[PDB]
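Here's the letter readout for the chains.
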Amino acid sequence: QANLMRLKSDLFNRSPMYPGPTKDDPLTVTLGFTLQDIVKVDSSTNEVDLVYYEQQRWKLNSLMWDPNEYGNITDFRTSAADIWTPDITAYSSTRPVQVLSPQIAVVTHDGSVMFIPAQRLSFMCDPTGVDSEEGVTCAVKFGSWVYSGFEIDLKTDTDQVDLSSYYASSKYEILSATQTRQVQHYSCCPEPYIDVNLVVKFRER
Amino acid sequence: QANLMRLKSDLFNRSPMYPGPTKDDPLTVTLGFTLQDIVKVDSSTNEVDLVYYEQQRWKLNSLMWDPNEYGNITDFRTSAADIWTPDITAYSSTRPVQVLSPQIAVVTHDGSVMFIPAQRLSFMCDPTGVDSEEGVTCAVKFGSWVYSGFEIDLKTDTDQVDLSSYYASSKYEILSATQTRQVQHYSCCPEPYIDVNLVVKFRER
Amino acid sequence: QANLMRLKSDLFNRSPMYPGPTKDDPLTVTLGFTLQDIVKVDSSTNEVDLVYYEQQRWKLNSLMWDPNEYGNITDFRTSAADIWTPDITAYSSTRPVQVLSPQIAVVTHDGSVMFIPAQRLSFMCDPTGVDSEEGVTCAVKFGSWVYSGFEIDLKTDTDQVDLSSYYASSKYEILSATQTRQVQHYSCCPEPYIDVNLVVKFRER
Amino acid sequence: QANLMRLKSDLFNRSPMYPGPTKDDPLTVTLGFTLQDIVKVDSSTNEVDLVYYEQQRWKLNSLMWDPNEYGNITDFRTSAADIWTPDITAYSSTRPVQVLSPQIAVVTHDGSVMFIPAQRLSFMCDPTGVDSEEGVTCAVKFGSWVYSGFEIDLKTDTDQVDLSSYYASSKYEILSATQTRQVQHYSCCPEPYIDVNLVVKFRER
Amino acid sequence: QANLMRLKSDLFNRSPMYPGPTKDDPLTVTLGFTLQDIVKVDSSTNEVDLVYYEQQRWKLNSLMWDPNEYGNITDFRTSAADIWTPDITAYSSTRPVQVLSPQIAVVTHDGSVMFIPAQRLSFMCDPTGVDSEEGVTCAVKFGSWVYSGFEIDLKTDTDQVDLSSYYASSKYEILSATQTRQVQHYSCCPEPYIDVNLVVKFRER
Ligand SMILES: NC[C@@H](OCc1ccc(Cl)cc1)c1ccccc1
Ligand SMILES: NC[C@@H](OCc1ccc(Cl)cc1)c1ccccc1
Ligand SMILES: NC[C@@H](OCc1ccc(Cl)cc1)c1ccccc1
Ligand SMILES: NC[C@@H](OCc1ccc(Cl)cc1)c1ccccc1
Ligand SMILES: NC[C@@H](OCc1ccc(Cl)cc1)c1ccccc1
Ligand SMILES: [Br-]
Ligand SMILES: [Br-]
Ligand SMILES: [Br-]
Ligand SMILES: [Br-]
Ligand SMILES: [Br-]
């Protein structure tokens, strides 16, 4: 309690907040998805609503501390507003992302920050053939809105999406779910742009 | 009036806010449900809307005071933003929780805090067989999003859900309603994961 | 202008805000309703949407002043956020209350505060028989969420609801509208729980 | 840039904010409407949605300055939260007013403030006969919620509503649109109550 | 990291925020659109929902710095709340604009600021003839709500709208998309009013 109050004061009130990664000091943001349910499928507007967990993970030198100095505290929990968070957003989103969980991140002594917010995302997806046996395949690209490849480097611990937490009595069943890291190049800009393409193949139950 | 103004000033303006429970200093959060109505049942998207009271109860040493010192004041009411609140959220939620009551908590001299917000929750539930006599059973797990068993220990005063405040002229009648405390242990991590499973068996009137 | 600026400064900037009524210093909150329209009636979910004026009235010793001292000012208007307001909310509400008017209260020299916000409330009501000649009767209890009878004492100036401001070309006509003060007791505790029961009998036009 | 920063600092940071008009110091608020479109017409709930511009105009002695003293600056733009705004709201509104434009006001050297927010208003209107050639007439009264005639005096520069900005390919065409200043007198209270009655006669295209 | 923290501190914490452009010091705001999808088309209310990128670009002398002085930093990213942003809004909007991306702007050493927020806009558009081969043409004017031509001068780098990022499996295909700069003078006011007219010709797939 007392040691934890001193730790948060020496990390946020003492040192100024992280201004973001630069080309000289890049940051590696490892992200993984945990698909919960395909709630709505709109064939009239070509919109699909997803319920998932966006496991965001990054390591900062500014959020590093010795546990021995702060009463053997290895890790702590703090609000997402108190710390810097990556701007990883869906490029093909149709409606603003609805946060279903409290925005709280876990910070460890080595500076590794883990933030897993539960989100409801309505994105661009044509569901023509969802009632079919082969189903319909729909992709949605996730990545940094302003930072490029030289600033934020996206990573995936596994190519497979976590479907263990998926709703058993869902209206739509998953046939395939993959999170592939893609390195894109744009004519405008010489810098590369990394994006995690969430490809989901689903059909009606 | 005058003694109450001094009490709130000596508790919030003097001492810094609670940073959250740690492994060394755990917290026991006792929660109970009071089901009011099953407003909406969506068979098209497998979503069910519930109106209930989430009776959150926890004891803090920081919010302790002697009533004799503060003009025999045994308890007081303060905004939920002024004090620390547990991150108890539904794991199978589809849409953000709608708060129907003012977020105000009751703090007693022994440090016990009681916060009962009225909420509207839309969660994952297959209502196939709601028109049947046996009805349909739907569960929703409630627990801390970031804190584990070593930090927040969930508790239930009773295994039965309060149905005395349930709407008599509701579209759906309750056959069974139970709030069971579940302790999950995984091969990954040695920490326990406590969640209150709200199981409700209901049918059409 | 100049005398009014000094009055508001000597009342809010000088003295700290009202912490709420205690058992030793109780408060009498007189409330009355002015029904405007029954906008929506949902037979599918048993929800009824009401448009009304909640005339909240209470007297505080802290908001008392001599008009002769402040340039013969008898009363003034201030934002509902600047002053303390009672937590009077509908116990059978289904969706959060939508405020249709600016939240501004009128404070008189004797300390009497009048706050009349226009609200849209969607509450639990079975409308089976609204198309009938006798119509359907639906009640909704209004009261303090955290304070009991020893802290907040509810009062009604009249048992009849103001229907003079009711919409003439409404889809539903009012047959009866009453605001009854009800006292609820529990064996445990000696504190009474006062609530204003808004009973409305209506039918289709 | 530099002269404008000094001007805003000498007007808001120096002098305290306007507490509102009193009986001794009344304020004249001139308002005009610019109807854009009749988006929705609900015959089931007797609700009509309007898209319009509410041109609010008032003169304050506190917001007066000499342009010669502040580098020949005749007028400036500031947020609606930084200055005092009148509580002009629709008395027959069914849903909260949706603001479609940024809430920014234009303040001139003579103290005249102009605030024109684009709004979407859902109000009480029976549309029985909208498909007819003569159409349907629907009125909505606009006025101060707390201030009476002795505090806020409403004014209209013209009795005709601006229909030059009205959508040509709208589902409903305007036959007549008038903004009439009405003074209401009650035997109860000697104070008058001024309201701008927006009368619109429309039919299907 | 260290040089970037000093740069943001010397730009925002040192100098006060931009008060907005004046007649003496005008600002040129270059804006371009990147149409993603025509999600909804409502023939009942004459409303059309668009998903697009509003590329806002302006140069400020206050946000200028020498990269050699701040460790060869050419550009940085900061929140849209930390800096001044133009009040560019759609004049024919029916519902408030939904922001789908994080509001973060890119600031370069020469003072050029680029802010590209992804937005969902529901505006006035008659879709009679969308099922036809020639399709339906719908325009929406974009511009500063309070600042005139003498304060904010709108510009377009190209007359053609970026359709490279448009959804291939959309319900509606684009036949033509143009962003035309229009300078209109009104009888009311002596100042010119510049607006970017987004004209889109589309049909069903
Ligand atoms: N298409 C998604 C993303 O692409 C990366 C990118 C960024 C800037 C530019 Cl100038 C070009 C490309 C994006 C993000 C923000 C705006 C436009 C596009
Ligand atoms: N499903 C909701 C919750 O489950 C508890 C839980 C946590 C971690 C692990 Cl490894 C297993 C289970 C949750 C909270 C945070 C992250 C992911 C999930
Ligand atoms: N039934 C609605 C409301 O009643 C007031 C009341 C408060 C406390 C107690 Cl111990 C009993 C009743 C309410 C509000 C909050 C919690 C439980 C109930
Ligand atoms: N209709 C909105 C407002 O009208 C002004 C008005 C004030 C007093 C009276 Cl007695 C009548 C009308 C209002 C505000 C409070 C109560 C009732 C109405
Ligand atoms: N139609 C869009 C815009 O037109 C420019 C304009 C500005 C002020 C005035 Cl007094 C007249 C016209 C606008 C912006 C604000 C209010 C009304 C209209
Ligand atoms: Br940080
Ligand atoms: Br606390
Ligand atoms: Br008060
Ligand atoms: Br002001
Ligand atoms: Br700025």
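- As annotated in the PDB entry, chain A carries the name SOLUBLE ACETYLCHOLINE RECEPTOR and comes from Aplysia californica.
- This structure appears in the PDB under the title "Acetylcholine binding protein (AChBP) as template for hierarchical in silico screening procedures to identify structurally novel ligands for the nicotinic receptors".

1. Focus: the interface of chain C and chain D
(1) Moving on: The interface of chain C with chain D comprises 26 residues on the first partner and 27 residues on the second.
(2) Moving on: Taking both sides of the interface into account, the surface hidden between chain C and chain D amounts to around 2400 Å²; carbon and sulfur atoms contribute 56%.
(3) Moving on: When the buried area of chain C at its contact with chain D is split by residue, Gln1, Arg77 and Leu100 of chain C rank highest and sum to 25% of it.
(4) Moving on: Taken together, the links from chain C to chain D amount to 2 salt bridges.
(5) Moving on: Notably, a salt bridge pairs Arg77 of chain C with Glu151 of chain D, separated by 3.4 Å at the nearest N-O pair.
(6) Moving on: Linking chain C to chain D there are 11 residue pairs in polar contact.
(7) Moving on: The element contributing the most residues to the side of chain C that touches chain D is strand β1 (residues 27-42) of chain C, with 4 residues.
(8) Moving on: By residue class, the composition of the side of chain C that touches chain D is 13 nonpolar, 6 polar and 7 charged.

2. Thoughts on the site of ligand 4
(1) Moving on: Contacts to ligand 4 come from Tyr53 and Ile116 of chain C together with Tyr91, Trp145, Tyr186 and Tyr193 of chain D.
(2) Moving on: Those residues lying near ligand 4 are distributed over chains C and D.
(3) Moving on: Separating a nitrogen atom of ligand 4 from a side-chain N or O atom of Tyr53 of chain C is a distance of 3.4 Å.
(4) Moving on: Notes on ligand 4: free accessible area 420 Å², of which the protein chains cover 67%.
(5) Moving on: Residues belonging to the shell around ligand 4 are distributed by class as follows: 6 nonpolar, no polar and no charged.

3. Regarding the sheet that holds strand β4 (residues 88-90) of chain E
Residue and element names in this part refer to chain E.
(1) Moving on: The strand order across the open sheet built from 4 strands is β4-β9-β12-β11, with neighbouring strands paired in antiparallel fashion. Across the chains shown, the open sheet's two edge strands, defined by having one partner strand only, are β4 and β11 (172-184). Taken pair by pair, the neighbouring strands of this sheet meet at an average axis angle of 25°, ignoring direction.
(2) Moving on: The sheet contact formed by strand β9 (residues 136-144) and strand β12 (residues 193-204) spans 7 bridges and is antiparallel. What sits directly across from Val136, in β12, is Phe202.

4. Let's talk about the relation of the copies chain B and chain C
Each of the two chain copies goes to the other by way of a rotation about an axis and a shift along it.
(1) Moving on: Overlaying chain B with chain C gives an RMSD of 0.3 Å, the required rotation being 71° about an axis along which the chain moves by 0.2 Å. A rotation of that kind, with that shift, is consistent with a five-fold axis.

5. What to know about the environment of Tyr91 of chain B
(1) Moving on: Position of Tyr91 of chain B among the secondary structure elements: in the loop between β4 (88-90) and β5 (98-99).
(2) Moving on: For the pair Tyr91 of chain B and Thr108 of chain B, spaced 17 residues apart in sequence, the C-alpha to C-alpha distance is 30 Å.
(3) Moving on: Residues contacting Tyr91 of chain B, with those up to four places away along its chain left out, are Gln36 and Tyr53 of chain A together with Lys141, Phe142, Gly143, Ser144, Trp145, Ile194 and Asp195 of chain B.

6. Description of the state of the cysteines
(1) Moving on: This model, assessed by the stated rule, comprises 10 disulfides over all chains.
(2) Moving on: Across a sulfur-sulfur distance of 2.0 Å, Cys125 of chain D and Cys138 of chain D are joined as a disulfide pair. On the sign convention where negative means left-handed, the S-S torsion of about 75° between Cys125 of chain D and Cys138 of chain D marks this disulfide as right-handed. Here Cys125 of chain D is found in the loop between β8 (118-124) and β9 (136-144), whereas its partner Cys138 of chain D is found in strand β9, with 13 residues between them in sequence.
(3) Moving on: A disulfide bridge connects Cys188 of chain E with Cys189 of chain E, and the sulfur atoms are separated by 2.1 Å. Between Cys188 of chain E and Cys189 of chain E the disulfide shows an S-S torsion of about -105°. By sign, it is left-handed.
(4) Moving on: Among the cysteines of chain A that take part in disulfides, numbered as they appear in the sequence, the pairing is 1-2, 3-4.

7. Thoughts on the site of ligand 3
(1) Moving on: All residues adjacent to ligand 3 are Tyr53 and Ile116 of chain B together with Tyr91, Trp145, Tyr186 and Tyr193 of chain C.
(2) Moving on: Mapping the residues near ligand 3 onto chains gives chains B and C.
(3) Moving on: Relative to its unbound accessible surface of 420 Å², ligand 3 loses 69% to contact with the protein.
(4) Moving on: When its residues are assigned to classes, the shell around ligand 3 shows 6 nonpolar, no polar and no charged.

8. Digging into the interface of chain B and chain C
(1) Moving on: Each partner contributes to the interface: chain B provides 26 residues, whereas chain C provides 26 residues.
(2) Moving on: Regarding the contact of chain B and chain C, the summed buried area is about 2500 Å², with carbon and sulfur atoms giving 56% of it.
(3) Moving on: Linking chain B to chain C there are 2 salt bridges.
(4) Moving on: In terms of residue count, the dominant contributor to the side of chain B that touches chain C is strand β1 (residues 27-42) of chain B (4 residues).
(5) Moving on: In terms of residue class, the side of chain B that touches chain C is made up of 13 nonpolar, 6 polar and 7 charged.

9. Things to note about the packing of aromatic side chains
All names here are of chain B.
(1) Moving on: Taken as a whole, this structure holds 60 aromatic pairs over all chains when the rule is applied.
(2) Moving on: For the pair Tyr52 and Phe142, a centre-to-centre distance of 5.8 Å together with 75° between the ring planes defines the contact as edge-to-face. Here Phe142 lies in strand β9 (residues 136-144) and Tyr52 lies in strand β2 (residues 47-59), a separation of 90 residues in the sequence.
(3) Moving on: Look at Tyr52 and you get buried, because its relative accessible area is 1%.

Thresholds applied
- Residues numbered from 1 in each chain as written, not as in the entry; some residues may be left out.
- Chains lettered and ligands numbered in written order.
- Heavy atoms only, no water.
- Contact = heavy atoms within 4.5 Å.
- Buried area = accessible area lost by both parts, 1.4 Å probe.
- Salt bridge = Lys/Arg side-chain N within 4 Å of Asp/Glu carboxyl O.
- Polar contact = N/O pair within 3.5 Å; in protein donor to acceptor, adjacent residues only side chain to side chain.
- Helix = DSSP H or I, 4+ residues; strand = E, 2+ residues; numbered from the N terminus.
- Nonpolar A, V, L, I, M, F, W, Y, C, P; charged D, E, K, R; others polar.
- Near = heavy atom within 4 Å.
- Areas by Shrake-Rupley, 256 points an atom, 1.4 Å probe, with all protein chains shown as cover.
- Pairing = 2+ DSSP bridges.
- Axes fitted to C-alpha atoms, helices over the stretch in contact; angles between N-to-C directions.
- Least-squares fit on C-alpha atoms.
- Disulfide = S-S within 2.5 Å.
- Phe/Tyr/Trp six-rings, centres within 6.5 Å; stacked < 30°, edge-to-face > 60°.
- Buried < 20%, exposed > 50% of the residue type's maximum accessible area, 1.4 Å probe, protein only.

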